[PDB]
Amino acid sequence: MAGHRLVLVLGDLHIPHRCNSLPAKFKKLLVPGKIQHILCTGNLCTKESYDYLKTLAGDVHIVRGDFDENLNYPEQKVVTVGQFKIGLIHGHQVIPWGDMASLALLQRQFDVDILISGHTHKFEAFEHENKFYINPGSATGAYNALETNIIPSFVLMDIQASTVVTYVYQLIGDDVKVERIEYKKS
């Protein structure tokens, strides 16, 4: 993976109010010395989880969730990694949640190739009208505003040239499912 840039994408942990920690099998995968950047959708919700992210990578980016204690976090962020402009927002601002029309407006407003958002606690990674939309879900399986059957998940973006290969990690039963999703810039 020389020349690849590995970006961990996760959020909605809701530690400690809703969950105590990440699943054991996720923690065995998330080890220091591999990830280059972390893009976090927020709702950590405390400094202890931010410190944990810093153990995984030096470059940690977080946006403000509606339950985060740290009010210094920006509401939204745009970053460039390789050839991709990437937008990041927690997503409680999007009503109804996950609304495709509202996310596409945010894509155009941020002017990004990839838009990352959270809040639904439901993993999604898909291309729509030649732009890419990622929701990493909740890496702890925290309950959301509506329901409790939440699949723990996170995403890893492997960026090279104008291609991103998005690896999705889901805890289904007690086993980790891994799938690979490709998106190419035009």
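Residue numbers here begin at 1 and follow the sequence given.
message: Quick check on the record: does 49 to 57 or 131 to 139 carry the larger mean Cα temperature factor?
response: According to the entry, 49 to 57 carries the higher average C-alpha B-factor.
- request: Read off the CA B-factors in the entry, average them over 104 to 112 and over 74 to 82, and name the higher stretch.
  value: Per the PDB entry, the higher value belongs to 104 to 112.
field: Among 147, 158, 68, 124 - the residue whose C-alpha B-factor is largest in the record
entry: Top of the list by C-alpha B-factor: 147.
- request: Classify residue 37 as lowest, middle or highest third according to the C-alpha B-factor given in the PDB entry, relative to its own chain.
  value: Tercile = lowest for this residue's CA B-factor.
message: Ranking every modelled residue in this chain by its Cα temperature factor as given in the entry, which third contains residue 164?
response: Answer is lowest: the recorded C-alpha B-factor places it there.
field: CA B-factor ranking of residue 6, expressed as a third of its chain
entry: Answer is middle: the recorded C-alpha B-factor places it there.
field: Relative C-alpha B-factor of residue 44, binned into the chain's lowest, middle or highest third
entry: Its C-alpha B-factor belongs to the middle third of this chain's values.
query: If you rank the chain by CA B-factor, which third does residue 30 end up in: lowest, middle or highest?
result: For residue 30, whose C-alpha B-factor we compare with every modelled residue in the chain, the answer is the middle third.
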